[PDB]
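# Output the structure for:
(10 chains)
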Amino acid sequence: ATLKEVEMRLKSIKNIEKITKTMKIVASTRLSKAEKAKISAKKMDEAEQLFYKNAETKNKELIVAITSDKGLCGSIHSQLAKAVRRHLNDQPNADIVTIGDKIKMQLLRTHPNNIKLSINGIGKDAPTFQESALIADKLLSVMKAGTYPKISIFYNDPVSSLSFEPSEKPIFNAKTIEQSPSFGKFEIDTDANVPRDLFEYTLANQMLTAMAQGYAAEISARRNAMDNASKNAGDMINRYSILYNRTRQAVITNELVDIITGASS
Amino acid sequence: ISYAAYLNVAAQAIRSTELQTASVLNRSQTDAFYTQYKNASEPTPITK
Amino acid sequence: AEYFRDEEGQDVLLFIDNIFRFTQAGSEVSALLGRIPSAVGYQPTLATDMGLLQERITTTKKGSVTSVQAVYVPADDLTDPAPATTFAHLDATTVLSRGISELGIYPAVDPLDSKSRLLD
Amino acid sequence: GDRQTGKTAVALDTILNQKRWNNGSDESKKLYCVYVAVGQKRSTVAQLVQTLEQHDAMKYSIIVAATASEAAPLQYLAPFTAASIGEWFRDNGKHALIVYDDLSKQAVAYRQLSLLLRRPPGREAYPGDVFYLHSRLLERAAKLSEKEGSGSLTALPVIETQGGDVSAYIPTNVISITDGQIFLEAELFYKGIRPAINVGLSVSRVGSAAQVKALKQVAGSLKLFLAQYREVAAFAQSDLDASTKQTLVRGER
Amino acid sequence: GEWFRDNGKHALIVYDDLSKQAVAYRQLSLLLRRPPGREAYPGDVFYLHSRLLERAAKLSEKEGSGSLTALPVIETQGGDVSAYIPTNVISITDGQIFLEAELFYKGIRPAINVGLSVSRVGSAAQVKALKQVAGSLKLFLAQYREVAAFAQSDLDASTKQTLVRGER
Amino acid sequence: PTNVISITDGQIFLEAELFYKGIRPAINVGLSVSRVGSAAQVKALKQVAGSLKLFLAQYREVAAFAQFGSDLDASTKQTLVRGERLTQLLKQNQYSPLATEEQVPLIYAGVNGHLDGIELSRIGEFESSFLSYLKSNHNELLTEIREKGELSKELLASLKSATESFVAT
Amino acid sequence: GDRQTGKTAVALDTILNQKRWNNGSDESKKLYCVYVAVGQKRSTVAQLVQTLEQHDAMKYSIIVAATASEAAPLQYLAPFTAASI
Amino acid sequence: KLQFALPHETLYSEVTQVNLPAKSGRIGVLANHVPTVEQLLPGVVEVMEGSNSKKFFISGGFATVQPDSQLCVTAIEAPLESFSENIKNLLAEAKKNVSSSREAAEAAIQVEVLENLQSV
Amino acid sequence: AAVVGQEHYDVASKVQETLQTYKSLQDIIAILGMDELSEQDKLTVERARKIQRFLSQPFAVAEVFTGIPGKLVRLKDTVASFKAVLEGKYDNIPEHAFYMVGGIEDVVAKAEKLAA
Amino acid sequence: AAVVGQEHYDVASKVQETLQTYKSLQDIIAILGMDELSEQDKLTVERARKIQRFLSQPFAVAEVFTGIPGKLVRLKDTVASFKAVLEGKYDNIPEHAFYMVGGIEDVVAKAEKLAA
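Numbers count the residues shown, from 1 in each chain, chains lettered A, B, ... in the order given. For reference, the structure is listed below:
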């Protein structure tokens, strides 16, 4: 009716609220594990950065980006898409490798030319060394990563537990490693091909970190988003409650009028 | 095979007595399909 | 109450239980009298019947009644006519709650939902 | 607006303000204001009287009273009689005002009368001649012509919406009869805006001409600006650009 | 029942269902042209139900304590407690037990929905032994209800403890 | 409405939103039923539209899932893609009857997924053109569809070939 | 379906396709068409007759009418006498 | 101060003696050592803090004495006891894997691990 | 069980609960997706889908309306046929092979039909 | 289309479709953000929000009361104006610019006003 269609719709809204509430909570749980992982990952990264910093740096192009397949992890996907796009203006010759379906869709739309390598199925579990290593191996083989005289990766640095800033960093080429100002306050061995190994080693070690930083931001975004969802649903509950109540009175009255009209005769 | 891939295979082998936690097991095997692309055109996904 | 107030001067407080059952009762008597019930089946004399009850209760020079009423809202609907008419008469509301009682507080008065219009 | 938001006070303030014009000379400036209290507690009316005598404003005002104790036919005839008193002032050339508080209770009264006269109920059980009842009352307020001695009799009828249902039958019938609305929003009232004037549902469709030129010039476009503020805060809760923020900072302030 | 009650004995009278009683009064009144009322149920239907349901009484010791326990059965039409005949009866009675179709389908038989079951006399007449061993039970089930929706992965140990206890 | 619905042998519910959606006629396919059912439509047309009802219903179910924004697997998107084309196939501006001989091809094309490829925007253009093509080349085929009104093995093959022939437009 | 969503037009489409059999021969393959318009304004009816004459379908149509102005008893009688036709 | 870290753990993130298995054979770091970059091969690692000694089985990684006396060791997996019979079973399998079989190279890595196991 | 027998009852009890669970999960499945529910639930959903289309048993008079040949499946046999599916004895058989066919015997034949 | 013209009918059709979409996704928009809309849809929604605002024309007899001098835009001009907007030609400019102003030309000018 009006009445039943209101009532069922209000039930729909109730069910939506319930699901968004539930999701927000489960997300919080999932977030806790994610953060635990991120600490350990970040510690490893800082050590690697210790080499690159102390060495100094002095780094077409490659773009790598990280998102999950799954949506409803806030605006990570589109804030990151926008910042990729910002640096896609800068270099028109940039070949985009998309790690994650959400970023895959947005960039594929913006230029379908640039998509050369893409991954899938990342988001199910938090990033693991296994994934990174294989991605690295394919990045090297498929994309011939060293050929690009710039490599930059975009990811989401989880600035605060309530904020997320998409962030980027430059992965340092084997060329970079070679001519790095201090490289004489480290003992290179000519016989060893430490650049060709170290390039690969930091390709993954950095990349895994970028993925880890991102994953925590994603799950965090989902927590934030699902919280805001519950609120929006609540408002709709209240709005439809007023509608229900009004409709309820009206049914009683309209029915009553029919009875009265009959009685009057 | 890349240097870190070389290390990876070794790490996986290294996870062999059993005592192996879930995080180890996840760190040992993961499922993903790298979707290679060309220009739009897509060499169809194949397991990573 | 009026005998106490007017003719013994003593201020009194007259409790009423469900004032919903006052309304409900009034609705029936109207229907029995054959007077066409108004919207949401509430007596055509809905305003007047509450009016007589709730203006006798007042502040006289002699004394004053004060009345605490219990409002069993029908199906938790506040826009139903019986509540609406009730709220018109009400001056303050003391909103006892079970949550409050669960915080071990007896008084059970919910401070954030208790409101008075003579809080002015 | 919404029930017992101390609705009466908003109007009362109009009565009070007119005292530098009412204790003023010039009969156009002397409004003589009639407050029709229909369906109100004898207590509430007694407070009104005391309030008026506190601001010493009683001497320029009349109170017509039809409390809820008073019988339903008396309540029915209560606005009509009051309007006659107002018309004597209007037709004395003198400017006046009449605030009919609340016509929503007149509706309930006419409903009772009609039902007890057994004329079959109308929509929302309010009798079918309710439109005529209100319209005949409402249009007896006017600014007359130079011929008629430039009479005035301003009218503020106070409508009590049930649950903020701004589509309710009695209110809509009134809204269509009257020009302008000063819808008062409960949400804002609760969120400490006194007087809570929701500019979204307040219009005056014939008011702008009345405004004195000073208050047209100084206040120019402020209705527009604060109807940009509503929009601004509508989409504030997405990203905020500096333009949006400047408007918001001004708007909030 | 009154005769038994008058003899000071105890008895339980189960009126099943007053919903059909309602229909009969409706038929009588409408056919006798007596004033109709809400939901086309006779104007005095409240009065009828109230008369019946107030007969049930736990007598005084002066009247040599006896009882006439009663258990009215009301059939809800689409589960509408909103409906006029349910609303009236709900008000008159002192407690409700609300059987729920979903539970029946989910194989819980009796399909009593604990949430929507209430007793306003309740634990006042509970066996002392049974009272002792089931205060906990009320609270556990209450928690189980709240933690019910959490039954969709990464679930806190506390929630999981509730779930195991609750399901069993 | 209640009284009439009981009386009538079928109901052909329309939906206002679908009118605005640009489905003209605005027939709300799910609410539209024919209780007496097929035995009053061309045998050929019965063959082509065999799973047309099922596809549309699946499209409706899928469409609901799609609007809850849940990630859609390719199989679901096969349904979705087929479904979209079907919807565009249904559309047809007022005051333009169409003979069975020229409805049998369009429905064949759709059910046999030849429409699935071609871009959604230009489906209407394709439809107009497809009919024109059959009028040009396989007008013999059309005459037969009119004359015998049932698609034989030979006709199914002819029609299949014809659709394939103009499947690149 | 909801009123005046070209409500008349859906039916009119049927009439138009009946041109194909009508033009032809064999009356058992023909449907003669009776369009009954009850309660519609004289102008609405006038548009209907114009459309039918435009498509030359009034070479096989009968229009039974009871316009809005015309009496309520005649309107009540109108479907049942259309049936007789 | 020594740093020893894994992606999923942190072990020492100087420390008196560290013995490391590297491209350059085996390298030892004791207090200050001069700044090196060495890729750690698949390894048996010892870390000694005073006379107390901890023995780690390491999957190879990277070693870098920083010129600020931070021995950054990063590797995928480190306790040697945890690694230690199931591995012997695997070693039979790994020999089998070399027979049939990048997969060839992988099986070669398994042989490297088999050698690494023999040290244990 | 006291009427239609304990076996009949038990088989039907398993059907009823499974379907009811499946209905409850549909709202959850709608937004969140299949991969957010329990593992047990995911199998239950797969089973429920198999059971759901097992209910489609062609009518013998729907040859006329459509073409589907009816399958008059015996009572003893029907109890058996539902039991097997629930036990997961034919949870290796695709979901769509329960659609528009009779008993378990028909399902096995229809499995072969899809296999070919 | 036969009446006003094919171009008019086509233009109107598109306006209707966009707006109907905007109403359709009105539920989704409320329940979850605009950034949880599909990319294709997000363009449509952004266009439609603009179209909705564009449609208001201040009236010349309301000019006293609104305080906005009204506008009157030719029908030939109107078909063109919306046509451009549907192709998103001028869409790249504020929603406020579209709001409460007349023709396409007027919107353009108010963009300049806003730009200052």
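# For stretch F:92-108, measure first residue to last.
By CA to CA, to the nearest Å, the extent of stretch F:92-108 from end to end equals 17 Å.
# What residue in chain C comes nearest to chain J?
Of all residues in chain C, residue C:79 sits closest to chain J, at 23.3 Å by CB to the nearest CB. In short, each C-beta sits where N, CA and C put it, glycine included.
# Oh, that last question was meant for chain H, not what I typed.
residue H:7 (32.1 Å).
# what residues are up against the residue of chain C closest to chain J?
By CB atoms under 8 Å, 6 or more residues apart in numbering or on different chains, the contact list for residue C:79 reads A:242, A:245-246, A:249, D:162-163, D:165.
# Could you rerun that using 10 Å?
Going by CB atoms under 10 Å, 6 or more residues apart in numbering or on different chains, residue C:79 touches A:242, A:245-246, A:248-249, C:40, D:162-165, D:168.
# OK, contacts around residue 98?
Unless you meant another one, I'm taking chain A. A:63-67, A:84, A:104-108, A:114-120, B:35, B:37.
# wrong one, I was asking about chain I
I:49-57, I:85, I:90, I:104, I:106-107, I:110-111.
# Please apply the same query to residue H:92.
residue H:114.
# isn't there a strand covering it?
No - looking at residue H:92 with DSSP: H, G, I helix; E, B strand; the rest coil, it is helix, so not inside a strand.
# follow-up on the earlier one: give me the element the residue of chain H closest to chain J is part of.
Per DSSP states H and E: residue H:7 is located in neither a helix nor a strand.
# gap between it and chain D?
For residue H:7, the distance to chain D equals 36 Å [CB to the nearest CB, to the nearest Å].
# Next, count neighbours for that residue.
26 (other CB atoms under 10 Å in any protein chain shown).
# residues contacting the closest residue in space to it that isn't next to it in sequence?
Nearest residue to residue H:7 in three dimensions, chain neighbours excluded: residue A:129, at 5.0 Å (CB to CB, 6 or more residues apart in numbering or on different chains). Contact partners of residue A:129, counting by CB under 10 Å, 6+ apart, are A:41, A:44, A:204-205, A:208, B:4, B:7-8, B:11-12, B:27-28, B:30, H:6-8, H:59, H:76-77.
# Helices - which of those residues land there?
A:41, A:44, A:204-205, A:208, B:4, B:7-8, B:11-12, B:27-28 (DSSP state H).
# middle-most residue in chain I, spatially?
residue I:51 (1.8 Å; CA atoms, centre = their mean).
# So that residue sits against residue I:14, correct?
Yes - the pair residue I:51 and residue I:14 passes the contact test of CB atoms under 10 Å, sitting 9.1 Å apart.
# any shared contact partners between those two?
Common contact partners of residue I:51 and residue I:14 (CB under 10 Å, 6+ apart): I:82, I:85-86.
# For those, please prepare CSV with the additional fields secondary structure.
Formatted as CSV, the shared contacts of residue I:51 and residue I:14 follow (three-state DSSP):
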residue, secondary structure
I:82, helix
I:85, helix
I:86, helix
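# correct me, but residue I:45 touches residue I:18?
Yes - in terms of CB under 10 Å, residue I:45 counts as a neighbour of residue I:18; the distance is 9.3 Å.
# Could you pull out the residues contacting both of these two?
residue I:52.
# ok, and the closest non-adjacent residue to the residue nearest in space to the middle of chain D?
Central residue of chain D (CA atoms, centre = their mean): residue D:156, 3.5 Å from the mean position. Excluding its sequence neighbours, the residue lying closest to residue D:156 (CB to CB, 6+ apart) is residue D:99, at 4.5 Å.
# Show me what counts as buried in the helix or strand encompassing that neighbour.
Element membership of residue D:99 [criterion: DSSP H and E] is strand D:96-101. Neighbour counts using 16 or more other CB atoms under 10 Å in any protein chain shown place D:96-101 of strand D:96-101 among the buried residues.
# Report the backbone C-alpha coordinates of that strand in CSV.
Extracted C-alpha coordinates of strand D:96-101, given in CSV (Å, rounded to 0.1, in the frame of the first residue of the first chain):
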residue,chain,number,x,y,z
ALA,D,96,-4.2,47.8,14.0
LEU,D,97,-3.0,44.3,14.2
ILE,D,98,-4.7,41.1,15.2
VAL,D,99,-2.9,37.9,16.1
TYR,D,100,-5.1,34.9,16.1
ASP,D,101,-3.5,32.3,18.3
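# Tell me the strands beside that strand, with direction?
strand D:32-38 (parallel), strand D:154-158 (parallel) (DSSP bridges).
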